[PDB]
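Okay, so we've got a single protein chain in two different forms coming up as structure tokens, structure 1 first and structure 2 after it.
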Structure 1
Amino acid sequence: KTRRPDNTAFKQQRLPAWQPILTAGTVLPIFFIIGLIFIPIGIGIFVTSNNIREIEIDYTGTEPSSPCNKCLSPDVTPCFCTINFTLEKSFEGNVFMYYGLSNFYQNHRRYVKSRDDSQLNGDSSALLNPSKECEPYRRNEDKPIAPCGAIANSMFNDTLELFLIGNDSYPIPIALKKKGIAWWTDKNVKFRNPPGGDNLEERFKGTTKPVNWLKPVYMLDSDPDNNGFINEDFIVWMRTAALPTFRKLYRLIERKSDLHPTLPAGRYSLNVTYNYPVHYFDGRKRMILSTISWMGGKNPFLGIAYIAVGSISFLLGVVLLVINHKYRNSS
């Protein structure tokens, strides 16, 4: 009856193996090695993060005291509200200029899925026939929408202009760059213009304009390379946020070869073409100017977290040494 089984070490449950046991000198000095790496790293972040200079304006005019209050319910030609801010300390290096929002749920499930990734990939076939996922903004008066979905419908369209008033009767138009603010794999891989000739008016033949927009997508920017679906201000908005309070890149403020404070100390004015109505749902708008660093941004949560984790872990390697000593060779 079924002659003897084989003697191979797997079948006999005797495979070669390492048997680890949590001794005193194996889990006691791991609560210290961590405690001497997490505190130094938690100070390097905090000290570095403290020296990035950052300013926020919050130009939403909910209060009657703000000059932008005159355009909450406009009825005339586009508004222009001006805010005066001052850089009490200078900015050096390169400067990034973002814009922020709040109570804007770009992670809502009814809103995240409302796009058509085939169309945005320069597909010659589905361009004339958007998918059903964008149903509120899928069709118009017998014409399909080129940027389809509820994501591209609500694109941010406020215009921000920065002026250095170092002397009156000459507000300096500080130079802002609008190219190079998108993921390098979005401008060259994920977003592509339809494969036509050299006129974007013919590539978008027969397709309408988004309901909430003012000009068709084939004239978003005058740069013939940066126009249409490959637009960079368009790409940044399409890349949705993860939390209700976010910020998105707007422009770059390059520096010059001569060592100068790219944004010099003094007073400034921000000239805003108020268009985007966030006040209906308790929204808030902001303009943010920040500087760079070799570590990251002004992120002080990690700096405090490592100091707190690196100390609690340290204060466990002590209370696990007055107990191990007391309870060993004993009860």
Structure 2
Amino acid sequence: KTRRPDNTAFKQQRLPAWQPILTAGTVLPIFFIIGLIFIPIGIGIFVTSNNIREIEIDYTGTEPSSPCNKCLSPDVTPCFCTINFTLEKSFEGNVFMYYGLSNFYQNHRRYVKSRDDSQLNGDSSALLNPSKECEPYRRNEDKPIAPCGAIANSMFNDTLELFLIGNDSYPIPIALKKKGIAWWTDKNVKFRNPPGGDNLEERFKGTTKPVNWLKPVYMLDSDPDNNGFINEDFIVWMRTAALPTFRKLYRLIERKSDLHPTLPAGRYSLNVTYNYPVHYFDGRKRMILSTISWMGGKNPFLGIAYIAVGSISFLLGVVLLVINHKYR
């Protein structure tokens, strides 16, 4: 028919190769070294997580006997809820200011798509031509809503404030910083304001606010570096969470100059401007104060998991020896 097939390892199916065989001497140790590294890391995660001092406060006021049940029906729009809490152990290092929303599905298919991301990117065409993605919130009456979308519309708009009640009983306000809550990339890369101009007013012409927002997106923050679509709270909000019960970094508390703890143990009061209704759909709202750990944050699931799988790796490892010895 044809000439000789040229003799090569590839064509003759005799390439050089290693034949990894799963003997006892190769599977048993990988199990233990996993079981002897998942336990100590699991212990490391767990102890550090339990070493993180944290306090969680639920201020939705839906249950009776809470002293802001009045805010469930704000006959007058601004309703203020006050909660007193005491810190048993001082926080060391900077402390993170949070908020949470339980049973709030920010990840709904219809909900997530509702965003003209190109318009969140400051695309001049996208402002006056919101995508069909944010169809129901394209326009208010005649002109299109710039922060279009259900998500941008439905922005968590409370104001959680922390006051330290000293021995004199006079509230001492606690410093909270509104910068550096979002990622570096999101501030400068994903989320951008429109092009040109100097003032955000003239830049957002021919566009109304979302129906839910009380005020336009022009002056969301006094600082010009944190107003508009680069608003820190917006970026944290709009950057949809992965679960119904989620948590979001609200503000920062950096370390005080003095050697004293950032949040000394004592009695503190939480004065929140209730503005977000979550009782309609069995939702909640929370505030969480947490101190930094050099190895991430309080994640008992990972710590408990590594103990759990790390042990099972050892239990799997010690199980395998008997079968090997019996069938030697």
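For numbering, take structure 1's sequence and count from 1. Think of the rigid core as the biggest set of C-alphas that the two forms share within 1.5 Å after superposition.
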Report task. Keeping the rigid core fixed, work out how far the Cα of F38 travels between structure 1 and structure 2, to one decimal in Å. Result -> 1.5
Query raised in the report: Core overlaid, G310 C-alpha shift between structure 1 and structure 2, how many Å?
Result: 2.1
**Report entry** Per-residue C-alpha deviation between structure 1 and structure 2 [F191; rigid core superposition; Å]
**Finding:** 0.9
